[PDB]
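Novice: Sharing a structure here in structure tokens format.
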């Protein structure tokens, strides 16, 4: 598995990345995500296409970590992103802690 910091600069065609989903857009027949690391301060755009996108439609959870396995690296507008492809696979990370915090409106203090 490569870090997003790696992904941003690698020359590989195929990669696998463990990362957090910080944005979901289910805009029809495709899922578009932003994913995030602890290696970098930048997000990475991921597009999940027909086939794969069929099972992940309503599945993704915000801030959850997943293994994106054997995705394809591409460049669009000077921006690197990853895409689904025939060999691709996605798995929820089994070692993740759900933390629930509440923030209080501060104008009260």
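Numbering (PDB author numbering), first residue to last: 375 to 483.
For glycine and all other residues, C-beta sits at the position ideal for the given N, C-alpha and C.
#1: Rounded to whole angstroms, what's the CA-CA distance from residue 377 to residue 392? Just pull it up for me.
#2: Under a three-way DSSP split, which group does residue 382 fall into?
#3: Taking one C-beta from the region 410-429 and one from the region 457-476 each time, how about it: are there three or more such pairs within less than 8 Å?
#4: So does the region 380-394 actually touch the region 435-449, counting three or more Cβ pairs closer than 8 Å?
#5: So what does DSSP say about residue 444, is it helix, strand or coil?
#6: Answer with buried or exposed for residue 411, where buried requires no fewer than 16 other C-beta atoms within 10 angstroms of its C-beta.
#7: Can you tell me where the alpha helix (DSSP H) holding residue 426 begins and where it ends?
Specialist: Answer, in terms of the structure:
#1: 7 Å
#2: coil
#3: Yes, since at least three Cβ pairs between the region 410-429 and the region 457-476 fall closer than 8 Å, the two stretches touch.
#4: Contact holds between the region 380-394 and the region 435-449, because three or more Cβ pairs, one in each stretch, are under 8 Å apart.
#5: Shown here, residue 444 sits in a strand according to DSSP, grouped into three states.
#6: buried
#7: 426-430
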